[PDB]
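Below is one structure; the comments refer to it alone.
Just the heavy atoms: all of them, side chains too, but no hydrogens, waters or symmetry mates, feed the values below. The chains referred to below are lettered A, B, ... by the order of the sequence lines, with proteins before strands, and numbering in each begins at 1.
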Amino acid sequence: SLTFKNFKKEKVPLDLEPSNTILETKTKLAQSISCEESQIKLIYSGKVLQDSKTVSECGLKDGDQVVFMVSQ
Amino acid sequence: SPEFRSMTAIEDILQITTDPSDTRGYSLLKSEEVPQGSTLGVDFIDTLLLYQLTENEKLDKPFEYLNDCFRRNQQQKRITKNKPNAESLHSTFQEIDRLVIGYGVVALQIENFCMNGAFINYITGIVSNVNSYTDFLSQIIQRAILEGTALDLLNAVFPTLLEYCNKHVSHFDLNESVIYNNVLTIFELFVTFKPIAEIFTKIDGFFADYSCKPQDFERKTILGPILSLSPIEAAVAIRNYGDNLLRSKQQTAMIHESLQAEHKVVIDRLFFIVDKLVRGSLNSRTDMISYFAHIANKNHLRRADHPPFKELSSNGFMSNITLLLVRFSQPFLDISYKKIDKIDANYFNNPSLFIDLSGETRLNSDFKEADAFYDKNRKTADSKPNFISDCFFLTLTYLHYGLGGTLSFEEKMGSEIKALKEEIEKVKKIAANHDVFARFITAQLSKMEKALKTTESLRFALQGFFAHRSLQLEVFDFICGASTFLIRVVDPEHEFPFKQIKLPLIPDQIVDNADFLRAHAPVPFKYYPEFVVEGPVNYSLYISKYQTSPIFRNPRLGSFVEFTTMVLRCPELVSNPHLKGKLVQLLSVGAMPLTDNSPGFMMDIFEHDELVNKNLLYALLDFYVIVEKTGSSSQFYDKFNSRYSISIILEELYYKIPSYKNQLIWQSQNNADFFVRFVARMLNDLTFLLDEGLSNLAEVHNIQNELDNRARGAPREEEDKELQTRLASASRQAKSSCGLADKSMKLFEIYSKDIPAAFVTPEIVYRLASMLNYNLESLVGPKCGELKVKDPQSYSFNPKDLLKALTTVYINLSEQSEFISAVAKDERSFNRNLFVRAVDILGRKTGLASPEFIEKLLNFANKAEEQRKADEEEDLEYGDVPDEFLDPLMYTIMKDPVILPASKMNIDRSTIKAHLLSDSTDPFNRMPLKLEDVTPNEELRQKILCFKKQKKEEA
Ligand SMILES: [K+]
């Protein structure tokens, strides 16, 4: 599926069904580090992603690169 | 190729290349291998823009760069349209539009996205050149709305604009022309999007924190800084006026005009903005009421005698809000009044939702009854409020605390400036030999000089704003609308102005009424806060001093005069007599003839408005009496100031409006008891008012001579400042007493002219003779003759006019034999020579008195002296029993004198017995009386006996 890049480069491949929410994605990305889903922002193709939206509704296919940001 | 052109259009529009190390600005793309591939085109565009914004360099203004990419994009589309293959490049421009806008949203949604700058710098760039960012911003707004993230946008933009206004400009105020305009343009751009308008009040810091101090509402709240934009801000006033305070009138006027033109545009724009909020949704409009109510609630000391200015909202903020609230109220108060019933008269029947009413004095009720009224009255869960009704009473709240605090601030400035000039003048005299002391004195001069410049500049700016007729008209029209509303609340039918209101509400009362009157005060009106009446009237009195006053020639003026006359006609409505004092003072300003001698500006209404012409005369004659019972009370709006104000109106009504002249004559003929009560009061004040005026005028001289001393006694000099206080105080009281004396005497002259017989009935005629003769003695003797002040007009002191009026009264009553007789019998003052001296004095002001007038006065005096001569002849020849031995009704020597307990008259036991036989009253004052209650006058009985024995010895 998808690739999640940091600011300073640094990639984290997540396997997602085109159905789980972006809150579910974050909870997965958060799990894949040592942080809370609340500190994670996601930015894809000219927009911030939203907790309610399904990876499907976002227009994400496999191979795609999405920026993540970690917070305070 | 055509795979070129696209690639190169992308290069020129994002200003970026890869291999490429030549020719134009463009940043060489660093450094990833994935973007090293020397094609380019449509799907590399995200990558490129991500490089620009996250990867850095000194792309130090990321958001400015986005805007330019967007401009450059629009540019290229236009240039491409008119060339062979516009189509082929369409996919390219779309992708750039798509992503530049998209990331523009992102940049204005989360703080750390780009790694140069933050919201504050992006907003600063926007404020600096808003017109350049506007098309892009509009696309940004629209994109966020469409993706369901508008509030994220607003919470980055608007709180950031707060900080920009408090921290990045030295003063966000009218002086910062470009900046304040661009800030307004930002609000307008956003708030014109309806989905933005509906949630705007949900922005962080839209409301004030709980701990936010009142002066900080205008600084720490989303709308504060823009709402505070006004020419009556100190820094603005100093810049525009403190500039050259010695300017001509012509020169000051042009400054007023630019500032008014500018202030008008600001109110228009603030109103457009807030009206969007109000229309956005029930939430937004309720939150606005809430926001304005909180500001009002924490600003009550704005009306204290010495407001703590630094702990309160500013005049500019509060006045601007007042005008916006006025503007929201206009529609339901237009002259047709068809929407007037939308405002709930029972607004205060429930406990108040937004306005804090704790500590607010009511019109005719105390805390006790009002809280009781809430209990009985209630109104259920949720139940409230209605925007229109919230807005209307909030407007009244601001008129009092907002505008009202602004006009009192300005009113006191004349005195502040004069005191300040005097302190500076004194400190300028100090010879400071010691360097430290010399630095001290100059720091003190310089601090006072700064305060003086600030105050003088603000007086100008405030004058500019109150002379601004276009703005003040709105305030006064609100007042007139509010007046109609309030007459509608009082009406038992609640039908006015569609049907006339019938006054009086309760039959007129033929010793402690307060309780009765409160008990019959109308509900719910008696519970309305005093501020609903204090606001209009303070405003109206104050704004009268302006040439461009919104009151002068305003066709709605009628409504306010109507309300005023109602309030003066029905003592029940408003218990506070200082309030009524202000109201009558307002009517008197309306009655004052204009500089060219034409009727005062309210004369027309007094004449033609039915509710007024039916009620004002009675109202004035009744109020003239009632003010006596002013228990606790003090000047101004003193009983004497009120009587003075009433006299002006009475006198003008009688000169210029025949219908009021007839109503006056009518009251004297057909309602004598009411009318005599007014006259007795007028007469009684006239026994002391000249004395009081002279005495105060002599206390001025005592004080002035104590000041002059210089070798010093002190014979006591208490405190020099207390002397100036005592000197101003004696000056006030001198003017107020002489002024009233002049007016009362003139009322005696003009009335006695038409209804001489009202002035000659028993209860008036002896007291009148006594009072006229006494006042005559001052005017023609040393009481007036030894008084020498500079400019006696300063003190309404015209002994010549008062003498002229006084002597005319004698003339006007000169054919009433009861008067001729009362004057002839007044042993205390009467003396023919007083009239000779009057004639000699009147002839010292040429034209004061005609020869015809002089002959008339002398015919009068001659008749009086001749009545007195006849009386004394009658007594020498026929008055062989001393008078106090004679029964008062039977004229014969008393056998058994007794004292009546009510009248204290002596009368013979047989006479009172014969009286009480058929009529159970004191025959002199009609007081209930039983024979048991008379008291033997033994002392008197012994004189009569001694007397009868003296005479028995001759016969
Ligand atoms: K009407």
Side-chain angles (χ1 to χ4, degrees), chain A, chain B residues 34 43 45-47 49-51 53-55 66 94-95 97-115 119 139-159 193-196 198-204 281 283:
Chain A
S1 276
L2 319 181
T3 330
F4 296 85
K5 292 227 296 161
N6 202 278
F7 273 143
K8 87 289 257 64
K9 326 289 189 151
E10 191 166 305
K11 308 210 293 275
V12 196
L14 290 173
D15 194 24
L16 293 153
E17 71 218 355
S19 184
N20 31 213
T21 61
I22 275 144
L23 177 56
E24 283 163 20
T25 302
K26 287 177 181 185
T27 319
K28 286 169 77 65
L29 223 208
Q31 193 90 9
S32 175
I33 310 149
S34 177
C35 75
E36 300 296 348
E37 53 251 50
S38 77
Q39 302 174 301
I40 293 161
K41 285 88 175 81
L42 295 183
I43 298 91
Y44 183 52
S45 198
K47 78 212 199 284
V48 178
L49 298 179
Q50 273 179 288
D51 287 8
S52 305
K53 312 285 272 191
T54 69
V55 36
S56 170
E57 290 167 332
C58 288
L60 284 154
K61 36 144 166 33
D62 40 355
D64 288 3
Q65 35 87 130
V66 28
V67 186
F68 73 95
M69 292 171 61
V70 295
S71 272
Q72 198 70 74
Chain B
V34 137
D43 49 27
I45 292 166
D46 201 39
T47 328
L49 286 166
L50 285 164
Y51 169 77
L53 293 162
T54 60
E55 233 84 355
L66 296 183
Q94 293 287 94
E95 191 59 359
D97 269 345
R98 185 209 163 206
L99 295 174
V100 171
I101 294 158
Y103 283 122
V105 176
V106 187
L108 294 192
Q109 288 201 146
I110 200 49
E111 192 99 59
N112 264 69
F113 187 64
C114 318
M115 226 50 86
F119 294 152
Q139 291 305 302
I140 284 171
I141 295 153
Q142 177 148 50
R143 169 74 57 86
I145 282 160
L146 296 166
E147 305 169 307
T149 185
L151 184 64
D152 291 332
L153 181 51
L154 297 172
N155 269 323
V157 170
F158 289 88
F193 288 91
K194 175 75 192 266
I196 293 296
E198 64 177 15
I199 63 169
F200 198 92
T201 60
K202 299 310 161 188
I203 294 165
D204 306 336
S281 74
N283 281 1

Spatial distance of atom CG (A:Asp51) from atom CG (A:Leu42) [nearest 0.5 Å]: 8.5 Å

Residue pair A:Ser45 / B:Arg98, side-chain heavy-atom distance below 4.5 Å: yes

A:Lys11 atom NZ, over 12 foreign heavy atoms within 6.0 Å: no

Within 6.0 angstrom of A:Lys5 NZ, more than 12 heavy atoms from elsewhere: yes

Evaluation steps, side chain to side chain contact (heavy atoms under 4.5 Å, CB included), between B:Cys114 and B:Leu53: CA-CA 5 Å; B:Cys114 318; B:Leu53 293 162; 3.9 Å; yes

Closest heavy-atom pair and its distance - A:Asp15, A:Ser1: OD1-OG, 3.7 Å

Atom CD of A:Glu36 with >12 non-hydrogen neighbours under 6.0 angstrom: no

Within 6.0 angstrom of A:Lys61 NZ, more than 12 heavy atoms from elsewhere: no

Which atom of B:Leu108 lies closest to which atom of B:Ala156, heavy atoms considered: O-CB, 3.3 Å

Heavy-atom donor-acceptor pair, A:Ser32 side chain to A:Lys28 backbone, under 3.5 Å: no

Straight-line distance of A:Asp62 CG to A:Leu2 CG, nearest 0.5 Å: 7.5 Å

Contact summary for B:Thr54 and B:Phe113, nearest pair of heavy atoms: CG2-O, 3.5 Å

Heavy-atom closest pair, residues B:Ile101 and B:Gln139: CG2-O, 3.7 Å

Heavy-atom side-chain proximity of A:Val66 to A:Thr25 below 4.5 angstrom: no

Atom pair CD/CZ of B:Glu55 and A:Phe7 - distance to nearest 0.5 Å: 10.0 Å

Distance-only donor-acceptor check, side chains B:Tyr103 and B:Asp46, under 3.5 Å: yes

Check against side chain to side chain contact (heavy atoms under 4.5 Å, CB included), B:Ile196 and B:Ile141: CA-CA 9 Å; B:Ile196 293 296; B:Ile141 295 153; 3.9 Å; yes

Pair A:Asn6-A:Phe68, side chain to side chain contact (heavy atoms under 4.5 Å, CB included): steps then yes or no: CA-CA 6 Å; A:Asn6 202 278; A:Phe68 73 95; 3.4 Å; yes

Residue pair B:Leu99 / B:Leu49: nearest heavy atoms and the distance that separates them: CB-CD1, 3.6 Å

Smallest separation among heavy atoms of A:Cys35 and A:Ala30, with atom names: O-CB, 3.2 Å

Nearest-0.5 Å distance that lies between atom CZ in A:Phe4 and atom CD1 in A:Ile40: 9.5 Å

Between B:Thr149 and A:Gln50: side-chain donor-acceptor atoms closer than 3.5 Å: no

Close side-chain approach of A:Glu37 to A:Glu24, heavy-atom, < 4.5 Å: no

Distance in Å, B:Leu153 CG paired with B:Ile145 CD1, rounded so as to fall on 0.5 Å steps: 8.5 Å

Residue A:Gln39 excluded, over 12 heavy atoms near CD under 6.0 Å: yes

Distance (rounded to the nearest 0.5 Å) between B:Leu154 CG and B:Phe193 CZ: 11.5 Å

